[PDB]
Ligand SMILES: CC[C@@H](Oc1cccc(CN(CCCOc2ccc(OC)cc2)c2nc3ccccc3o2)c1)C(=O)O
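Quick heads-up: it's one chain on its own, the form solved without the named molecule, in structure tokens.
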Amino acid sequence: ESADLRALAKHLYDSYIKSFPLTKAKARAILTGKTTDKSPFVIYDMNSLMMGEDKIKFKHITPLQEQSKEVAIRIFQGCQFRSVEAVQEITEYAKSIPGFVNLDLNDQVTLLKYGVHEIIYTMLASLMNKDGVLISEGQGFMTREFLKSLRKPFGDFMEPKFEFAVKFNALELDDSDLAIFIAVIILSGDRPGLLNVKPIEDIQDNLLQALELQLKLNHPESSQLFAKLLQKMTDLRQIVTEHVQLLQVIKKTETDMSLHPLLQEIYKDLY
């Protein structure tokens, strides 16, 4: 029935609202110009990053990293820091997808281990336009041009994310669309090392129906939006592997030692 599916959508949308403070609708308002006053600090070069570093830390010692370092490395350390933060919120949201917490604990951990990245890059798209990305819970805004100009390995780092966001943001999805999408990702029965594949696919199967009904109702004028959205999941799988490859060059060719015990061991045997 339709009402069951719609009830599952409403249910997901409210968890997602509990789990993620900066939503797409809020982020989009900020990126445009809703009630222009609390404007984010715009970082567009090195000087304005240093000037900004002391306006998201000059308050009271809470940045995404301290100093005594090269700027291209510090930006990258701040991003790994935020990712660990975002893994916690994704885990919290997962627990509220019906059926998830009744899976075998190891399969829970595996699902999260490979889902988290695709979700991070999906949701990061809500903070981006073609020119930059909202940072620090929407406090800052770092321009795509500035990220591009960092040195050889750090420059080409966030570009692929921006290439994705633009094509994905053109689907015009909202938070209620994304909440299901995100849940269809977590319950991917094709992750390596999964013990019980059948029950996961039973869940995804019921989320797919929910997604499909959601898109058909919320976006009737968009022929085959469901299909296009499932195809975007190849693009995500792609950006993850390509990010994974770039990440396995950073720890390989660099001088900075300071990586999070969580990601560095969760990146282990990962595509």
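Rigid core (definition): largest C-alpha set, two forms, superposition within 1.5 Å. Position 1 is the first residue in the sequence shown; the rest follow in order. Only residues modelled in both forms are compared.
One more form of this protein exists, namely the form solved in complex with the named molecule; it is left out here, but the text below deals with it.
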Contact test in the bound PDB entry: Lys232 vs the named molecule, heavy atoms, 4.5 Å: no
Residue contact check: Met142 to the named molecule in the bound PDB entry, 4.5 Å heavy atom: yes
Contact of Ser188 with the named molecule in the bound PDB entry (heavy atom, 4.5 Å): no
Partner contact for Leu49 in the bound PDB entry: the named molecule, 4.5 angstroms, heavy atom: yes
Complete contact of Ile75, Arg82 and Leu124 with the named molecule in the bound PDB entry (any heavy atom, 4.5 Å): yes
Among the candidates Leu171, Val184, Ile135, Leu194, the residue which, in the bound PDB entry, approaches the named molecule to within 4.5 Å (heavy atoms): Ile135
Residue from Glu242, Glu66, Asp205, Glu70 whose Cα, after superposing the rigid core, lies 2 Å or more away between the shown form and the other one: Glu66
Core-aligned CA displacement of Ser39 at least 2 Å between the shown form and the other one: no
Distance trend in the bound PDB entry - C-alpha atoms of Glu137 and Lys59, change of 3 Å or more: closer
CA-CA separation of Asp131 and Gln65, closer or farther in the bound PDB entry than in the form shown [shift of 3 angstroms or more]: farther
Mobile segments between the shown form and the other one - rigid core superposition, Cα shift of 2 Å or more, 3+ residues: 35 to 38, 56 to 68, 256 to 259
